Structures are given as structure tokens and as C-alpha cells.
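> Quick one, fold the following:
(15 chains)
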Amino acid sequence: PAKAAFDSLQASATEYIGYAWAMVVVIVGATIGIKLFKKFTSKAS
Amino acid sequence: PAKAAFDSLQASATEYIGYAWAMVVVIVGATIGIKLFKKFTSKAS
Amino acid sequence: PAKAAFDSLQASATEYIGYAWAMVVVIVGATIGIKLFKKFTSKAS
Amino acid sequence: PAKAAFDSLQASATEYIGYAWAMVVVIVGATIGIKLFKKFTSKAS
Amino acid sequence: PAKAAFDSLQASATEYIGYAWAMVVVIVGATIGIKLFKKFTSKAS
Amino acid sequence: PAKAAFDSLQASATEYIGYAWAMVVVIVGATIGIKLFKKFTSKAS
Amino acid sequence: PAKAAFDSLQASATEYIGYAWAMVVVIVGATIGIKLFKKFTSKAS
Amino acid sequence: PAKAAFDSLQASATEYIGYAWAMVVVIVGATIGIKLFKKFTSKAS
Amino acid sequence: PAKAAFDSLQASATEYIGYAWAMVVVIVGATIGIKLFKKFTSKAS
Amino acid sequence: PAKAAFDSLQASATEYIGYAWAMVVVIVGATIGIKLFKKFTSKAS
Amino acid sequence: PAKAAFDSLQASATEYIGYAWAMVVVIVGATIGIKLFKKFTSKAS
Amino acid sequence: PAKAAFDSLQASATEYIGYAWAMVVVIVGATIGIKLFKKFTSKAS
Amino acid sequence: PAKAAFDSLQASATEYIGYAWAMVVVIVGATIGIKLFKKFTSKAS
Amino acid sequence: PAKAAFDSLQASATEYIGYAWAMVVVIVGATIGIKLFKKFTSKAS
Amino acid sequence: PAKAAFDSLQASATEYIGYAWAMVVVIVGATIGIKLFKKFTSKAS
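Numbering: from 1, shown residues only, chains lettered A, B, ... in the order given. Dropping the coordinates below:
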């Protein structure tokens, strides 16, 4: 029982890591994009 | 008589262990899943 | 008797897991939404 | 009993989410308004 | 005699279960309500 | 006897819930007020 | 007993709120005063 | 004899309840007072 | 016997409350003093 | 009997330690990775 | 008879103490190791 | 016993307060010194 | 016989109270010392 | 017997206090060192 | 048993301190390097 329990728990943890990574990638890309747009547009002009 | 009594008692104990293990596996999986979901969703955002 | 008792207990546990999951999903969605709204509105402005 | 308990708890949580959202909307609107007023008035002059 | 005794005992147990369930429902609703109020009011502000 | 005992216990629990709710309302109002005063006075100046 | 206990607890909480409010008023007045002095003296000169 | 025995036992129990209630009221007041003092003094400063 | 026992217990509890209050007063004064020193010295400079 | 019982218990404990270590290694690696990604991407830009 | 009985009982108790000490040493080492790993890895990063 | 225990605890707390105060005084002096050196050297030049 | 028996029992109880008080004083002093050291060293730095 | 038992227990407790103090001293020194290194290196640069 | 347990625990703690120190040294070197590069390149040009 411990075998299956721990294996399923690890698999679920890995999937959750995957979804979390996708979401943080999206969020971080958006925030760095807005910051870079602000900085470049402000300084270059 | 003692032979059959003790053997039946041990078999019943083993089955009860089996059902208990199944139920705790389900419960522990659920609670660890909810805790991991909370932690990952909170920190990653 | 043990069969029916354990089966009913497991079924009730599964239903309780379901309701708990629904409620935590709602709560976590709300809290992450408010936090994301605050962060994006504050930084983007 | 679990049905009614969980349903009432979810409904109360939803209402609390509603009031919290209204209050944070007001607070965030006020703070972004004051910050934008300061920034625009300072730079434009 | 055993019939009536056990039936009455089971009925009394069922009624006691009913009153206990009502009281715990009230208590749990109150405590979760106060905790949720504290959490939402603290974080949203 | 169980009728009266459980009814009185539930009534006492309800009254205690009432006093607890009043006190937490006062405490939470005070703490959110001080926090909001600090935040608004600090940022607006 | 619950009457007197809760009433005394609420009264003590109210007094503590009073002292806390006085102290934060003093502290916030001092910090805003120093910040305003710095800002006005620096910019006006 | 049972009349007097049970009546005296109930009276003694009631008095013991009274002394216990007084002592717990004192103890609970003290502990909540110290906790509230710590919380308010820490946060308000 | 109950009279003397409860009275002595209450007196001992009161003395313990006194020593605890003295110690927490000292500790809280020290910690708030260090925090205020840090804050004022950092901001004023 | 004590020999075999304690030896089996220690072996099972060791295996459980192994699975727990694997899972925490995965979880800690993921969380430190996301935190480091956030920090480096935010500061370097 | 009492001599041999008590001596054997004490010897068995001593051996059981030995096995228990070994097992708790292993368990405590594992749990403190995982906690220290978590703390150091989280803070140092 | 409570007398000596509380007195020794208060004395140890007072000594710890003393060492902590000495160390924070040193640290705060150093950090304010470096900040003031940076500010004065940068602006005066 | 009851005189001597009860007197000896009370004396033995008093001595046991003495040793227990000494040991708890030592243990409590140690644990409060370590906790205070951790708290002061962490916050003051 | 109580004499020797309590004396040995107190001695063992004292030794355990010693080892615990050594270990916490090491751990606290390490953590304060890393925190101070981070703070000084970050601010001074 | 306590001897070996505490000695092994201290040794493991020391090794963990070593790895943590190496990693923070690398991280801090990198972050200070990037900050210094940015500052010098921006100002000198």
C-alpha cells in the first residue's frame, strides 16, 4: 500500500509542479514585458 | 479448536488491516493534495 | 457487517472530500484573484 | 446534515467574498486615483 | 424482551445522533464563519 | 431529560457565539482601522 | 459568570484599543512631521 | 436516606462548579489580557 | 477542605499572574524599544 | 519474536524515510527553482 | 524462582530498551535532517 | 520554588536584553555610519 | 497504625514533590533560556 | 531508590541540556552569520 | 545512544552549513556582480 500511495502522491506533486510552472512563466513574462516596455519607451523618447 | 479460532481471528485482522489501509490511503491522498494545491497556488502566483 | 460498514464509511469520506474540494477551489480562486488584481493594478499604473 | 452544513458554509463564503471584493475595489480605486493624480499633476506642470 | 430493548436503545441512539449533529453543525458553522471573516477582512484590506 | 439538556446546551452555545461575535467585531474593526490609518496617512503624504 | 467575564473582557479590550490609538497617533504624527519637514525644506530651498 | 444523600451531593457539586467557574474566569481573563497586550503593543508600534 | 484548597489555589494563581505580568512587561518593553530605536534611527538619518 | 518484529519495523521505517526523502527533494527543488527564477528574472531585467 | 523470573524480566526489558533506542535514534535523525534541509535550503537561497 | 524560578528567569532575560542592546547598538552605528558617509561624500563632491 | 502510615505517606509525597519541583525548575529554565536566546538573537540582528 | 532515580534523571537532563545548547549555538551562529553577510554585502555595495 | 545521536546530528548540521554557505556565496557573488556591472557601466558612460 505504501508503494502505491507514495508513487501516486509523487506523480500528483509532479503534475502540480507542471501547472504551477506554466502559470508562473505566463505571469513573469507578462510583468517583465510591461516593465521593459515602460523602461524602453520612457528612456528612448 | 484453538487452531481454527486463532487462524480465523488472524484472517479477520488481516482483512480489517486491508480495509483500514485503503481508507487511510484515500484520506491521506486527499489531505496532501489539498495542502499541496494551496501551497503551490499561493506561492507561484 | 464489516464489509458494509467500511464501504459506507469510504463512500461518505469520498463525498466529504468532494464538497471540501469544491469549497477550497472557490476560496482559493477568490483569494488569488484579489491578490492578482491588487498586484497588477498597483504595478501597471 | 452534511449537505445543508456544507451548502450553507459555501453560501456564507460566497457572500463574504462579495463584500470583500466590493471593499477592495473601493480601496484600490482610491489609492490608484491619488497616485495617478500626484503623478500627472507633478509631471504635467 | 431483547427485541424491544435493543430496538429502543437503537432509536434513542439515533435521536442522540440527531441532536449532536445539529449542535456540531451550529458550532462548526460559527467557528468557520469567524475564521473566514478574520481572514478575508485582514487580507482584503 | 436529554431534550432539555441538549436544548439548554444549544441555547448557551448560541449566546456564547453572540458574545464572541460582538467582541471579534470590535477587535477586527479596531485593528483594520489602525492599519488603514497608517497606510493612508503614510502614502498620501 | 459568562456575562461578567465577557463584559470585563470587552471593557479591557476597549481600554487597550484606547492606549494603542493614542500611541500610534503620536508615532504617526512624529513620522509624518519629519517626512514633511524634509520634503518641504529640501524642495523649497 | 437517598433523598438527603442526593440533595447534599448535588449541592456540593453546585458549589464546586461555582468555585471552578470563578477560578477559570480569573485565569482566562489573565491569559487573554496578556495575549491582547502583546498583540496590540506589537502591531500598533 | 474544599474552601481552603480552592482559596489557596486561587491565591497561587494570582501570584503567578503577577510574576508573569512583570516578566512580559519587561520583555515587551525591551522588544518595542529596540524596534523603535531601529525605525527612528533608520528613517531620521 | 521481538527480534523479527523490531527488525521488520526498522526496515519499514527505513524504506519510508527513503520515499519521504525522494518526495521532499523533488518538492524543495521545485520551490527553490521557482523562487530563484522569479528573483533572477526580476532583478536582472 | 523469583530470582530467575525478575532477572530474566529485567534482561528482556533492557534488550527492548536497546531496540527502542536504536529505532528512535534512526527516526529522530531522519526527521531532524529533513527539517534542517528544508530550513537551510529555504533561507540560504 | 516559584519565587526563585521567576527571579532567575527575569535576571536571565535582563542579561539577554543587555547583550542584544549592545549588539544592535554596534550594528546600527555601523549601518548609519556607512549610509551617512555615502550620502555626504556623494552630495558634497 | 493509620497515624504512622498516613504520616509517612505524606512525608514521602512531600519529598517527591520537592525533587519534582527541582527537576521541572531546571527543565523550564533551560527551555525558556534557549527560546529567549533564539528570539533575541534573531530579532536584534 | 527515589534518591538515586531522581539524581540520575536530573544528571541526564543536565547533560541533554548541554548537548542541546551546543547544537543551537552552532545553528544560530550559522544562520545569523549568513543573514549578516547577505545584509552587509547587499547594502555596502 | 545520546552521545552518538547528538554527535551525528551535529556533524550533519555542520555539513549542511557548509553546502548552504557555498551556495549563498555563489548567489551573492552573482547578484553583487550584476549590480556592480550595471552601476559602473551606467555611470561611467
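> in chain A, what residue is nearest chain C?
Nearest residue of chain A to chain C: residue A:34, at 6.1 Å (C-beta to the nearest C-beta). No exception for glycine: its C-beta is placed from N, CA and C like everyone else's.
> That residue touches residue A:41, doesn't it?
No: proximity of residue A:34 to residue A:41 does not meet the contact threshold set by C-beta atoms under 8 Å, at 10.7 Å.
> So if I had to pick from the two, which one is more boxed in?
residue A:34 (13 against 9; other C-beta atoms under 10 Å in any protein chain shown).
> any idea how far the more buried one is from residue A:27?
11 Å (C-beta to C-beta, to the nearest Å).
> And for residue A:19?
Per C-beta to C-beta, residue A:19 is found 13 Å from residue A:27.
> again, but for residue A:5
Noted for residue A:5: a distance of 33 Å to residue A:27, by C-beta to C-beta.
> Equivalent analysis for residue A:7, please.
The spacing between residue A:7 and residue A:27, counted by C-beta to C-beta, is 31 Å.
> what about these two, which has more around it?
Between residue A:7 and residue A:27, residue A:27 has the larger neighbour count (other C-beta under 10 Å), namely 16 against 12.
> Against residue O:11, how distant is the nearest residue to the more buried one once chain neighbours are set aside?
In this structure, residue A:27 finds its nearest non-sequential neighbour in residue B:45, 6.9 Å apart by C-beta to C-beta, 6 or more residues apart in numbering or on different chains. Between residue B:45 and residue O:11 the computed distance is 39 Å (C-beta to C-beta).
> cool, and residue A:25?
Distance of residue A:25 to residue O:11, given as C-beta to C-beta: 40 Å.
> Counting neighbours around each, name which of the two comes out higher.
Neighbour count, other C-beta under 10 Å: between residue A:25 and residue O:11, residue A:25 has more, with 14 against 10.
> which other helices and strands contact the helix or strand hosting that one?
With secondary structure defined by DSSP states H and E, residue A:25 is part of helix A:2-44. Contact analysis of helix A:2-44 by 3 or more C-beta pairs under 8 Å, 6 or more residues apart in numbering or on different chains; DSSP states H and E lists helix B:2-44, helix C:2-44, helix J:2-44 as its packing neighbours.
> switch the cut-off to 7 Å
helix B:2-44, helix J:2-44 (3 or more C-beta pairs under 7 Å, 6 or more residues apart in numbering or on different chains; DSSP states H and E).
> Serialize those helices to JSON lines and add fields for distance to residue A:15.
Rendered in JSON lines, the data for the helices and strands packed on helix A:2-44 read as follows (distance: least, C-beta to C-beta, whole Å):
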{"stretch": "helix B:2-44", "distance to residue A:15": "10"}
{"stretch": "helix J:2-44", "distance to residue A:15": "12"}
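> Find the nearest non-adjacent residue to the residue of chain A closest to chain C, please.
Here the nearest residue to residue A:34 in space, its sequence neighbours aside, is residue C:44; by C-beta to C-beta, 6+ apart that works out to 6.1 Å.
> Is there a neighbour count for that neighbour? I'd like the number.
Neighbouring residues of residue C:44 were enumerated by other C-beta under 10 Å; the total is 12.
> Chain I versus that one, what's the distance?
Relative to chain I, residue C:44 is positioned 29 Å away (C-beta to the nearest C-beta, to the nearest Å).
> The closest residue to residue A:1 other than its chain neighbours: neighbour count?
Once flanking residues are discounted, residue A:1 sits nearest to residue B:21: 4.5 Å by C-beta to C-beta, 6+ apart. By other C-beta under 10 Å, 13 other residues sit near residue B:21.
> The residue nearest to residue A:27 reaches residue C:36, doesn't it?
Yes: with contacts counted by C-beta atoms under 7 Å, residue B:45 reaches residue C:36, the gap being 6.3 Å.
> Could you check which of the two is surrounded by more residues?
Comparing residue B:45 with residue C:36 by neighbour count (other C-beta under 10 Å), the higher total belongs to residue B:45, at 16 against 12.
> OK, contacts around that one?
If you count contacts by C-beta atoms under 7 Å, 6 or more residues apart in numbering or on different chains, residue B:45 has them with A:27, C:32, C:35, C:36.
> Any idea how many residues pack against the one residue in chain A that gets nearest to chain B?
Among residues of chain A, the one nearest chain B by C-beta to the nearest C-beta turns out to be residue A:20. It sits 4.1 Å away. Here the number of neighbours of residue A:20 (other C-beta under 10 Å) works out to 21.
> Check residue A:15 too.
Neighbourhood size, residue A:15 [other C-beta under 10 Å]: 10.
> So it versus chain F, what's the distance?
Between residue A:15 and chain F the distance is 38 Å, computed by C-beta to the nearest C-beta.
> Surely residue A:8 touches residue B:28?
No: at 10.3 Å, residue A:8 and residue B:28 do not qualify as touching, with contact defined as C-beta under 7 Å.
> ok, now how distant is the one residue in chain A that gets nearest to chain F from chain O?
Of the residues in chain A, the one nearest chain F is residue A:38, at a distance of 20.9 Å by C-beta to the nearest C-beta. Separation of residue A:38 from chain O (C-beta to the nearest C-beta): 17 Å.
> quick one: residue A:40 from residue O:23, how far?
With distances defined as C-beta to C-beta, the gap from residue A:40 to residue O:23 amounts to 34 Å.
> These two: who's more crowded?
The neighbour comparison of residue A:40 against residue O:23 (other C-beta under 10 Å) goes to residue O:23, with 15 against 10.
> Residue A:26: neighbour count?
Residue crowding around residue A:26 was assessed by other C-beta under 10 Å; the count is 10.
> Quick check: it vs residue B:40, distance?
Residue A:26 sits at a distance of 15 Å from residue B:40 (criterion: C-beta to C-beta).
> Also residue A:34?
For residue A:34, the distance to residue B:40 - C-beta to C-beta - is 24 Å.
> Apart from its neighbours in sequence, what residue is nearest the residue in chain A that chain I sits nearest to?
Of all residues in chain A, residue A:35 sits closest to chain I, with a separation of 27.8 Å (C-beta to the nearest C-beta). Taking C-beta to C-beta, 6+ apart, and ignoring the residues beside it in sequence, residue A:35 has residue J:45 as its nearest neighbour in space, at 6.5 Å.
> Could you do residue A:24 as well?
Take residue A:24 and drop its neighbours on the chain: the residue closest to it by C-beta to C-beta, 6+ apart is residue B:44, 4.7 Å away.
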